[PDB]
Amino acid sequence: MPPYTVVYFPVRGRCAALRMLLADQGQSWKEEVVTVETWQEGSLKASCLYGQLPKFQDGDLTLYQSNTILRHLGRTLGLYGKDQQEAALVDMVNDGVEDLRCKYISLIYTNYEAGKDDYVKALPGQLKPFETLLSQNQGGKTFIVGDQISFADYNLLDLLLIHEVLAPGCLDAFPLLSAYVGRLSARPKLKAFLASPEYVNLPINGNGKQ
């Protein structure tokens, strides 16, 4: 059996980025999918630390919280900076990614029809700090932090892809971002994952919006 197990609802959501990590890194993993009926039965839920998914297992290490998983994988597979200073910068990117993700998730599930124009109007000002980060790291030719990939790249990558779905062309205002996205998705294993039914046949979110 693979050492890793992803326990989630059948969507990309907060598991998209860590799945891309694992795929690009050539790791193997079991997917455990949870239906509404099963969630509604309440036994799994009660057993989750914060009563939510994703749930992740690495051997007998059981983790909750999507960014915990990302950092845990970034730690063990060496995608967490080359040094302590880089690691901080990697954290600083991911906190920003999370911040925007929280807003995205709020729009998608609590206020899509009403808030979408305001959201898209505000999108440029929200993406710009990431464009700025690229420009300050080797002309944005390599990765979000340093010259080696990190978990934040995989998280940022997902974030930009879902926003291109939400707001087609949004990256037209951000040359570095746009290319970044093309480049990281050209990575052979990731590209193969992204084109696969495993990724493509899952809806981004669970309410049918995007």
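The numbering used is simple: start at 1 and walk along the sequence shown.
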Mean B factor on CA atoms, stretches 123-131 and 67-75, record says higher is 123-131
Of 9-17 and 184-192, the stretch with the higher mean C-alpha B-factor in the deposited entry is 184-192
Scanning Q57, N155, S28, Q52 for peak Cα temperature factor in the entry gives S28
Of the residues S47, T35, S150, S178, the one whose Cα carries the largest B-factor in the deposited record is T35
Assert third(CA B-factor, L159) within chain per record equals lowest
Sorting the chain's modelled residues by C-alpha B-factor and splitting them into thirds places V165 in the highest
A88: CA temperature factor from the record, placed by chain third, in the lowest
On the chain's distribution of Cα B-factors, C102 falls within the third called lowest
